[PDB]
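Now for the letters of each chain:
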Amino acid sequence: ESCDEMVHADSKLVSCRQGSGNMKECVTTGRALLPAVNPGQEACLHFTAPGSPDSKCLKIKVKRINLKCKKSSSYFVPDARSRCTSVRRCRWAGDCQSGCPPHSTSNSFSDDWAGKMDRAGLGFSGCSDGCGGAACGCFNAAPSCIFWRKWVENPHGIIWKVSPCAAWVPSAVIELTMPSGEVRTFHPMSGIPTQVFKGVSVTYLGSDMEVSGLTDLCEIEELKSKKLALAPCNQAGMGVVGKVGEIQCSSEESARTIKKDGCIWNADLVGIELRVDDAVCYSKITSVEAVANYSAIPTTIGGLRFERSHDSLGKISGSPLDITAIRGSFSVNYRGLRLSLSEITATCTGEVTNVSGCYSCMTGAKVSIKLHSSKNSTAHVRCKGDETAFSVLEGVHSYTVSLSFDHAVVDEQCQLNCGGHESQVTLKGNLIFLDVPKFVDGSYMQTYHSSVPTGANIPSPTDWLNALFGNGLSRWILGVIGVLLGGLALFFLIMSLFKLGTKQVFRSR
Amino acid sequence: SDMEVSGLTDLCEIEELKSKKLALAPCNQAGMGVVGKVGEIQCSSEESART
Amino acid sequence: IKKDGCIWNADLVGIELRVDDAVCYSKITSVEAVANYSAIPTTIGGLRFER
Amino acid sequence: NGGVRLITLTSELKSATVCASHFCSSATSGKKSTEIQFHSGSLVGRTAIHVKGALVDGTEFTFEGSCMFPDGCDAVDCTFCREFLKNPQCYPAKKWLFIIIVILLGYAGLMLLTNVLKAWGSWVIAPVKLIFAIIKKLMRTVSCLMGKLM
Ligand SMILES: *[C@@H]1O[C@H](CO)[C@@H](O)[C@H](O)[C@H]1NC(C)=O
Ligand SMILES: *[C@@H]1O[C@H](CO)[C@@H](O)[C@H](O)[C@H]1NC(C)=O
Ligand SMILES: *[C@@H]1O[C@H](CO)[C@@H](O)[C@H](O)[C@H]1NC(C)=O
Ligand SMILES: *[C@@H]1O[C@H](CO)[C@@H](O)[C@H](O)[C@H]1NC(C)=O
């Protein structure tokens, strides 16, 4: 589409050579700054070489600006159950004289328990006492050593993905297109590097917008059912029992199995109870839908409406009413890249075909320009009021671009130049005025709003009172005289009618 | 529904086996106890209670 | 910025990772970032700091 | 007339987001024929609709379309678009009547002001307090003369 906000910060900053024989370049390094644009625009980066007449550009596409958060940590919390077993034995020797552990022996496994398995999981080798006598299984007045082992399992295999965060910095998406032809996408943050690709380190800057009631919120998501919910989650390994933050593990493959070597649990997550050689285990682990302040996919806490935007690396979004933020400018840095230049530009000449659009407004005024040349794309349009650059193709085609004008009757003479050849163009058409749209019920904002032009807000005597009388060069006086005569006649008629009405009201009461 | 209690703070369910007599009185805790109330010399099993 | 002469206390560069990435973000501020940053012509108070 | 409408034939609509030239919206109800509107008069001209969302059972869908929207349609009665727009004039017989009413009100105001301009005023009210202050000064001078005589 169209383009605006040219920079040209590091023109003529090359130290190349003959260039493979005819014309090539080596590298271009510098630094520039891109201002904020409306969602759905393009910011071109036109380079200038001392030898070549023109060069290619670098377009920046922004679609949505959502309110997301950072990623402090990542882990998986699996579901657990209560599984335990015991064994009833007799002393019968000196191994169970007084107690089971003499002073510190915790290995309560006599090569008979099922703990030496891959599906067992986490547990605690505990022990207790049992009953004795002829009915309890012994034949000696002495206590019996009865050990018990408990663990956790996961029959279903539900996997959860929690990512704690407490920053909530503004972010957006960028669809960058390299001058070579490659087009990729990435998600930059507000001050965090965006995995620089071939030297380009374009980042986004925000305004540090405050939050109303966003203090302890996370982005826990589900994998199987793809269910999302907003609820306060836990912190790193050092946690407290009573809320979210139960038995977790390291990786996703370590979430189906609750085995050791990767799973972390502090203490007091499964209880043990026994009355007579039973050793039953009860469950205290709470599910995800058990803590307070548990929201769902649609969330309208405060002025923010947290929706679920389909996007990679993040499924949390939200957009309040029109904010009209202060600034959202970017910062682009270069480290190394190559770009080929033709420098074989020939005679090219274009003209204007159509013109339409709004007044000085959001979408602007789109103007269709037709060109004809042999080179693929060598053009740079420059004029007063606004500057727009675009790319063309080989041969004769049609292209539509948008410019910014500050007059209803656009009748000027701009200069158009493609490559090394230059020419002149003219624009003639009628434009209209559109203000900021109003809010309607049933509609919700998706990403954000950038800005709305509401500066003048005053009727212009030039545009107004134009089609009422007419157009000419000496008929305006006659039209004004006729309108004045008609107004005086209607005034006399209305005065006569009012006098007749007052006369009728006065008498014949 | 987690119903609250009025005056149930330290109560137990001590029961008798021979005469089947029940009574409600505050009892002791695990092995680490204090002398002065219930919680005298105990043992492990029922057969270890006769001796 | 090699060792044996360079001095730093702690917490000057952060680390973040989601899936085998281990990306690092920048927290160092430039000279034109702190408050009360003047320029070559300075007229703070009655003194006119020139160069 | 109100906005765009999304039609689903495979299954119900779980969640989807639509995009416009300089606006965006998102709505979901769970039915087959769902309607999504952006604003009142926000899409005026030639624009392309880019809808992107995912259906149930983990199925995504992408579609593109360009709809013809009216350009010369204001439909305003008591907003700022009335005193600033005169080219289209969707409701003709109006500017003449407005100017005539303004001229009538101006002439009525002039006729009402001339009745007071030609014919209980400040020039009568001020001498009252002026002579009051003069009498106060005269009483002060009389008191001073009596004191001087004493
Ligand atoms: C839930 O949110 C309210 C209001 O923000 C807060 O007072 C309360 O402590 C929260 N509950 C939990 C368990 O964090
Ligand atoms: C220019 O003429 C009209 C004016 O709006 C437009 O509809 C038409 O598509 C344009 N011509 C071409 C060849 O696109
Ligand atoms: C011009 O474009 C055509 C088709 O896209 C391509 O084959 C050709 O290599 C291009 N030439 C230059 C100089 O970019
Ligand atoms: C800047 O100077 C003012 C006045 O001297 C002082 O109050 C303030 O603390 C200073 N700022 C910093 C960051 O030292």
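To be clear, the structure that these remarks concern was listed above.
The numbering scheme counts residues from 1 along every chain following its written sequence, independent of the entry's numbering, with residues that lack coordinates not shown. All chains are assigned letters beginning with A, and all ligands numbers beginning with 1, in the order in which they are written. Values throughout refer to the chains shown here, themselves only part of a larger assembly. Side-chain numbers come from the whole structure's heavy atoms, not from hydrogens or water.

Draft legend 1. Seen up close, the overall build of chain D. A run of H or I in DSSP becomes a helix once it reaches four residues, and a run of E becomes a strand once it reaches two; helices and strands are each numbered from the N terminus. Each helix and strand in chain D was counted, giving two helices and six strands. Listing the helices and strands of chain D from first to last along the sequence gives β-β-β-β-β-β-α-α. Taking 150 residues into account, the globule formula puts the C-alpha radius of gyration at 15 Å, and chain D, at 37 Å, lies well above it. Projected onto its principal axes, the C-alpha positions of chain D cover 115 × 45 × 25 Å. This radius of gyration counts C-alpha atoms alone. The globule rule is 2.2 Å times how many residues there are, raised to the power 0.38.

Draft legend 2. Main features of the state of the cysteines. Residue and element names in this part refer to chain A. Two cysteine sulfurs form a disulfide in these notes if their separation is within 2.5 Å. Enumeration over the complete set of coordinates arrives at 11 disulfides over all chains. One disulfide in the model links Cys 96 with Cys 145; its S-S distance is 2.0 Å. The chirality of the disulfide connecting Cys 96 with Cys 145 is right-handed, given an S-S dihedral of about 100°. Of this pair, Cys 96 sits in the loop between β4 (83–86) and β5 (123–129) while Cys 145 sits in strand β6 (residues 145–151); the two residues are 49 residues apart in sequence, bridging distant segments of the chain. Under the relative-accessibility criterion, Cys 96 is labelled buried at 5%. Each disulfide pairs two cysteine sulfurs, and for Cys 348 the partner residue is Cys 418, the sulfurs being separated by 2.0 Å. Taking the torsion about the S-S bond as the criterion, the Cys 348 to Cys 418 disulfide, at about -95°, is left-handed. With a gap of 70 residues between them, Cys 348 in the loop between β14 (330–333) and β15 (351–357) and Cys 418 in strand β19 (residues 409–418) connect regions that are remote in the sequence. Classification of residues uses two cut-offs on accessible area relative to the type maximum, computed with a 1.4 Å probe and protein chains only: under 20% is buried, over 50% is exposed, and between them is partly exposed.

Draft legend 3. Here's a closer look at the interface of chain A and chain D. Only heavy atoms matter for contacts: two residues are in contact if any of them lie within 4.5 Å across the pair. Facing the 39 residues of chain A at the interface are 35 residues of chain D. Here, a salt bridge means any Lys or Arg side-chain nitrogen found within 4 Å of an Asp or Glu carboxyl oxygen. Put simply, chain A and chain D have zero salt bridges between them. By the criterion applied in these results, polar contacts are pairs of N or O atoms within 3.5 Å in which, for protein atoms, one can donate a hydrogen and the other can accept it, and in which residues neighboring in sequence qualify only through two side-chain atoms. Taken together, chain A and chain D are joined by 10 residue pairs in polar contact. By residue class, the composition of the side of chain A that touches chain D is 20 nonpolar, 11 polar and eight charged. In this classification, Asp, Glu, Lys and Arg are treated as charged, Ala, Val, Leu, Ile, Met, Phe, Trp, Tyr, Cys and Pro as nonpolar, and every other residue, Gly included, as polar.

Draft legend 4. Just the interface of chain C and chain A, in detail. In this complex, chain C contributes six residues to the contact, which on the side of chain A involves six residues. Accessible area that two parts lose when put together, with a 1.4 Å probe and added across both, is what the buried area reports. At the boundary of chain C with chain A, total buried surface from both sides reaches about 590 Å², with 51% on carbon and sulfur atoms. Interface area lost by chain C to chain A is led by C:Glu16, C:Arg18 and C:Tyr25, which between them contribute 66%. Seen at the junction of chain C and chain A, the total is zero salt bridges. Counting the contacts that link chain C with chain A gives two residue pairs in polar contact. For the side of chain C that touches chain A, the residue count by class is three nonpolar, one polar and two charged.

Draft legend 5. Representation of the sheet that holds strand β2 (residues 15–19) of chain D within the structure. Residue and element names in this part refer to chain D. Only strands that DSSP links by at least two bridges are regarded as paired with each other. Taken together, four strands build an open sheet; the order of strands is β3-β2-β5-β6 and the sheet is antiparallel. Each edge of the open sheet is held by one strand with a lone partner, namely β3 (24–26) and β6 (59–68). Neighbouring strand axes in the sheet, compared pairwise and without regard to direction, differ in orientation by 15° on average. As defined by bridge partners, β2 adjoins β3 across three bridges and the pair is classed as antiparallel. Bridge pairing in β3 places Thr 17 opposite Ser 26. A fitted line through C-alpha atoms serves as each axis, taken over the contacting stretch for helices, and the angle formed by two N-to-C directions is quoted from 0 to 180°.

Draft legend 6. Structural detail: the pairing of β6(D). All names here are of chain D. With 10 bridges connecting them, strand β5 (residues 46–55) and β6 associate as antiparallel partners. Its bridge partner being in β6, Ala 54 is matched across the sheet by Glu 60. Taken together, β5 and the strand that follows it, β6, pair antiparallel across an intervening segment of three residues, in which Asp 57 is found at a positive phi of about 60°.

Draft legend 7. Geometry of the environment of D:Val51. Residue and element names in this part refer to chain D. Within the fold, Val 51 resides in strand β5. As a C-alpha pair, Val 51 and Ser 25 span 26 residues in sequence and 9.7 Å in three-dimensional space. Discounting residues that sit within four places of it in the chain, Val 51 has contacts with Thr 17, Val 18, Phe 61, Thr 62 and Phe 63.

Draft legend 8. Main features of the packing of aromatic side chains. Two aromatic rings from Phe, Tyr or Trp, using only the six-membered ring of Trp, form a pair when their centres are within 6.5 Å; if the ring planes differ by under 30 degrees the pair is stacked, by over 60 it is edge-to-face, and anything between is tilted. Considering all chains together, one arrives at nine aromatic pairs over all chains under this definition. On the basis of an interplanar angle of 65° and a centroid distance of 6.1 Å, the ring pair of A:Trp168 and A:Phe306 is categorised as edge-to-face. With a gap of 138 residues between them, A:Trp168 in the loop between β7 (160–161) and β8 (174–177) and A:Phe306 in the loop between β13 (280–283) and β14 connect regions that are remote in the sequence. Here A:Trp168 and A:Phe306 have matching classes, each one buried. Consider the rings of D:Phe61 and D:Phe63, whose centres lie 6.0 Å apart with planes at 45°: the pair is tilted. An aromatic cluster is present here, built from A:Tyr359, A:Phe433 and D:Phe84 joined pairwise through their rings. The ring centre of A:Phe197 lies 4.2 Å from the NZ or CZ of A:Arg184, which sits over that ring. Geometrically, a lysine NZ or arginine CZ counts as sitting over a ring once it is within 6 Å of the ring centre and also within 35 degrees of the ring normal. We note D:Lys95 situated over the ring of D:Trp96; from NZ or CZ to the ring centre the distance is 5.3 Å.

Draft legend 9. Region of interest: the arrangement of the chains. Between chains A and D lies the most contact-rich interface of the three pairs of chains that touch. The two partners chain B and chain D share no contact, and the minimum distance between any of their C-alpha atoms is 36 Å. One finds no contact linking chain C with chain D; the least C-alpha distance across the pair is 23 Å.

Draft legend 10. Structural detail: the site of ligand 1. If a single non-hydrogen atom of a residue is within 4 Å of a molecule or strand, that residue counts as near it. In the neighbourhood of ligand 1, the contacting residues comprise A:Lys243, A:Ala292 and A:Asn293. Within the complex, 33% of the 360 Å² of free accessible area of ligand 1 lies under protein. Residue-level accessible areas treat just the shown protein chains as cover; the underlying method is Shrake-Rupley with a 1.4 Å probe.

Purely geometric stuff here, so don't read any function into it on its own.
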